[PDB]
Amino acid sequence: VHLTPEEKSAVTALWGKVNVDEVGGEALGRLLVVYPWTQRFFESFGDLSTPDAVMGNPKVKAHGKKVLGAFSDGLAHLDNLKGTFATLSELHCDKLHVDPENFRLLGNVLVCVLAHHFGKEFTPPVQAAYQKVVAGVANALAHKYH
Amino acid sequence: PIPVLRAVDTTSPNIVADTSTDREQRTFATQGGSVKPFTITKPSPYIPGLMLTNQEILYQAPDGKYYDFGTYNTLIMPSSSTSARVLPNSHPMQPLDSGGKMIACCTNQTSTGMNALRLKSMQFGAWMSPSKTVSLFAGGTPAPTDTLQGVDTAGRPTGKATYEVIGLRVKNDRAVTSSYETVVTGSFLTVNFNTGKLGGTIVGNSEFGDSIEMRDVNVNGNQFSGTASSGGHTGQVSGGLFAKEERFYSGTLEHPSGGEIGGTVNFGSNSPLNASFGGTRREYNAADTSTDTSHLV
Amino acid sequence: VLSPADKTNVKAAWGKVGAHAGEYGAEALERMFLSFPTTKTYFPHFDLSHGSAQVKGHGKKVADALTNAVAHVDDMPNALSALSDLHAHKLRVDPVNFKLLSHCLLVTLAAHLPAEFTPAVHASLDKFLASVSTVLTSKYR
Ligand code: HEM
Ligand code: HEM
């Protein structure tokens with residue numbers, strides 16, 4: 001992913017305000033609520049029958065922390081996402097058989113969560129920059145299908 | 001154990017004080033202290049070799065020293081386990097280099113669930129001296145009067161607005177807070193721009209002490225002042241509306257100025273009843289014609 | 001297929017947009033054109049720069065059409081027939097483009113309606129927009 005100076009500083013300046021213990025669990029939570037079939041991959045997490053149940057599921061929150069972790073990792077390696085995400089791509093594609101459309105969906109729910117938190121600071125060009133990042137990540141995560 | 005907060009060095013070429021008129025801060029403080037605008041240039045923890053430059057605010061204490069707002073000098077964040085959110089009523093203050101202690105409302109980091117803690121244009125809290133005297137404070141970007149609610153149509157402020165707020169005292173070397181639960185339990189203040197009045201109650205509890213009831217408080221532009229009572233004492237209210245107007249990215253007006261509010265209540269020199277408060281606009285309506293301070297629902 | 005809950009969630013959230021709907025409309029289009037510049041191909045002789053009155057005008061049209069949809073949420077095929085004529089018969093818009101603009105509307109709504117954009121409501125708005133999209137992308141004469 002090439003980011004512009006203005007783009008890069010914008011993305012990182014916003015990322016710095018992200019509460020890294022909550023925002024990942026938010027995005028994953030919204031994935032499970034907005035695209036409910038994704039719940040099937042986390043049958044082990046217990047009650048996901050309700051939006052409140054989902055959003056207050058401690059294993060969702062915990063696991064969200066890790067997925068945000070990976071996106072944070074990604075920001076430092078925008079120029080080698082495939083390399084960085086190689087182990088994870090194997091997990092998700094070869095082992096779980098997640099349809100890669102769902103990687104794009106999560107990227108987009110994360111973008112919605114950002115805009116939700118940052119409101120008018122999430123300007124069209126700032127979004128466009130985050131789209132490049134989430135598309136990079138999703139493609140890197142899908143690499144083993146390609 | 002909570003670590004010691006060291007004063008910010010504003011001598012650095014990275015920290016540069018902001019002398020623009022539009023970044024002018026205003027502060028209400030029982031015994032001095034003010035919030036002060038800076039531009040601050042700092043590295044990113046997420047991409048190396050970057051320097052990011054952003055507008056920010058620092059707290060200047062009465063002893064002259066400057067402090068930032070971080071994890072340890074801000075109110076215990078409420079737990080996220082349920083849908084529900086409780087604010088603990090008692091919070092530790094952070095020891096400073098100077099001997100003193102500090103508490104403030106919030107950082108600039110994201111959170112969910114409890115709107116009165118999500119301040120963007122103001123801070124409130126308290127500074128304790130090495131002598132154990134306390135200056136409680138509330139300060140920020142004042143709401144420009146040209147873009148207060150009703151002004152677009154009527155050239156003067158009109159209507160009502162209702163704010164959700166948290167009050168703060170210091171008792172026994174701890175910050176104590178008004179009851180707040182998600183609302184289920186909270187504190188509401190309502191400004192009537194028709195009558196120029198402000199009404200409402202900061203709801204007390206075991207830790208905070210008695211409620212503070214707004215008695216006769218007048219509003220003028222983006223200032224207010226007057227009287228409150230709490231447990232048979234009378235206190236002096238001083239405060240203001242905060243935050244610039246919100247605009248669509250086109251430039252069109254989206255929300256009027258004054259989406260945030262804050263102040264102090266002063267019961268007496270070094271009285272432990274003294275309070276700061278702050279909060280966020282929960283409902284407004286410029287065409288409201290009511291002449292009382294009953295809350296918008 | 002929208003649930004009854006989904007319908008009221010959409011009515012409530014979109015009701016909140018009120019007379020700023022044109023602004024939400026134009027901002028979603030600007031977000032689309034910047035984030036996904038292949039979508040510009042459908043507007044070959046528009047001015048699509050940051051200020052454009054043409055984008056503004058168009059956004060109000062889009063936003064009003066959605067308000068019409070919301071008002072007729074139970075029978076959108078009949079309500080939106082003329083727009084299906086335009087988008088499916090005349091324009092032949094690839095449906096991917098509707099996912100792109102739907103995503104940009106969701107982002108516009110999250111940025112401006114932070115009280116209202118709960119997880120449940122986000123879910124309804126997405127389903128609603130997918131349903132609108134299906135209708136505008138179908139030939140059903
Ligand atoms: C860009 C999108 C995503 C990222 C960055 C991501 C990242 C991760 C990470 C870091 C882990 C932890 C693996 C470990 O601890 O070694 C993980 C596990 C997992 N991911 Fe994802 N993931 C993404 C998308 C998805 C999607 C869309 C699904 C399903 C719809 C999914 C399902 C899972 C599952 C089921 C596990 C469980 C592994 C286990 O319990 O052993 N992921 N993911
Ligand atoms: C929620 C989704 C959409 C709605 C509600 C919508 C609605 C409309 C409406 C109301 C018009 C104008 C009809 C009139 O003049 O009375 C229009 C025109 C148009 N729409 Fe859409 N639209 C949507 C999505 C799209 C997308 C995704 C594209 C292309 C990427 C597209 C391309 C166009 C074009 C090219 C026109 C004609 C503009 C011209 O005069 O050159 N629309 N749309």
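What you see below is based on every heavy atom in this structure, not just the backbone, and it leaves out hydrogens, waters and symmetry mates. Order of the sequence lines fixes the chain letters, A, B, ..., with proteins taken first and strands second; residue numbering starts at 1 for each chain. Counting convention: from 1, in listed order, for ligands and their atoms alike.
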Assess the side chains of A:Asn108 and A:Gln131: does a donor N or O sit below 3.5 Å from an acceptor N or O? yes

With a cut-off of 4.0 Å, which atoms of ligand 1 are near a heavy atom of A:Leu96? 33 (C), 34 (C), 35 (C), 36 (C)

About how many Å separate CE of C:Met76 and OG of C:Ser81, when rounded to the nearest 0.5 Å? 12.0 Å

Rounded to the nearest 0.5 Å, what separation is found between the NE2 atom of A:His2 and the NZ atom of A:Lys8? 6.5 Å

Residue A:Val137 vicinity, atoms of ligand 1 by number, heavy atom under 4.0 Å: 1 (C)

By residue and atom, what protein N/O/S atoms are less than 2.8 Å from atom 21 (Fe) of ligand 2? C:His87 NE2

Tell me the protein heavy atom at minimum distance from atom 18 (C) of ligand 1, and give that distance in Å. A:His63 CE1, 3.2 Å

Quick note on ligand 1: atoms under 4.0 Å from a heavy atom of A:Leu106 include exactly 2 (C), 3 (C), 23 (C), 24 (C)

Which residue and atom name correspond to the protein heavy atom nearest atom 24 (C) of ligand 2, and how close is it? C:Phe98 CE2, 3.4 Å

Of all heavy-atom pairs linking C:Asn9 and C:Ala120, the shortest is ND2-O, 3.7 Å

Please work out whether the ring planes of A:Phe42 and A:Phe45 are parallel, tilted or perpendicular, with thresholds of 30° and 60°. tilted

Determine the interplanar angle of the A:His92 and A:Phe103 rings, folded into 0 to 90°, and report it as parallel if under 30°, tilted if 30 to 60°, perpendicular if over 60°. perpendicular

Distance from atom 38 (C) of ligand 1 to nearest protein heavy atom, with residue and atom: A:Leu91 CD2, 4.2 Å

Winner among A:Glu101, A:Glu43, A:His92 once heavy atoms are compared against atom 33 (C) of ligand 1: A:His92

Which ligand 1 atoms are under 4.0 Å away from a heavy-atom of A:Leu141? 1 (C), 2 (C), 3 (C), 4 (C), 23 (C), 24 (C)

Is there side-chain contact between C:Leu66 and C:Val62, with at least one heavy-atom pair below 4.5 Å? yes

Provide the number and element of each atom of ligand 2 under 4.0 Å from a heavy atom of C:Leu101. 2 (C), 24 (C)

Can you find a pair of side-chain heavy atoms, one from B:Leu52 and one from A:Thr12, that are under 4.5 Å apart? yes

Looking at atom 20 (N) of ligand 1, is any protein heavy atom nearer than 4.0 Å to it? yes

Looking at atom 41 (O) of ligand 1, would you say a protein heavy atom lies below 4.0 Å from it? no

Working to the nearest 0.5 Å, report the span between SG of B:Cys106 and CD of B:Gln123. 4.5 Å

If we only count heavy atoms from C-beta on, is the A:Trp15 to B:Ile47 side-chain gap below 4.5 Å? no

So does B:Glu254 pair up with A:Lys120, basic N to acidic O under 4.0 Å? no

A:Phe41 neighbourhood, listing ligand 1 atoms whose heavy-atom distance to it stays under 4.0 Å: 29 (C), 30 (C), 35 (C)

I need the contact type for A:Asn102 against ligand 1. Using non-hydrogen atoms and a strict under-4.0 Å cut-off, is it side chain, backbone, both or neither? both

Could you tell me the residue and atom name of the protein heavy atom closest to atom 32 (C) of ligand 1, and the distance to it rounded to 0.1 Å? A:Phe42 CZ, 3.5 Å

With atoms numbered from 1 as shown, which atoms in ligand 1 lie under 4.0 angstrom from a non-hydrogen atom of A:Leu88? 8 (C), 9 (C), 10 (C), 11 (C), 13 (C)

Protein heavy-atom partner closest to atom 35 (C) of ligand 2 - residue, atom, separation in Å: C:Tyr42 O, 3.3 Å

Can a donor-acceptor pair be found between the side chains of C:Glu23 and B:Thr252 at a distance below 3.5 Å? yes

Does the side chain of A:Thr50 pick up a donor-acceptor pair with the side chain of A:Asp52 at under 3.5 Å? no

Heavy-atom check, side chain of B:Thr162 versus side chain of B:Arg281, under 4.5 Å: no

So if I count the atoms of ligand 2 from 1 in the order they appear, which ones are less than 4.0 Å from some heavy atom of C:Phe46? 39 (C), 41 (O)

Any protein heavy atom nearer than 4.0 Å to atom 14 (C) of ligand 2: no

What's the separation between atom CZ in C:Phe128 and atom CG in C:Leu2, rounded to the nearest 0.5 Å? 8.0 Å

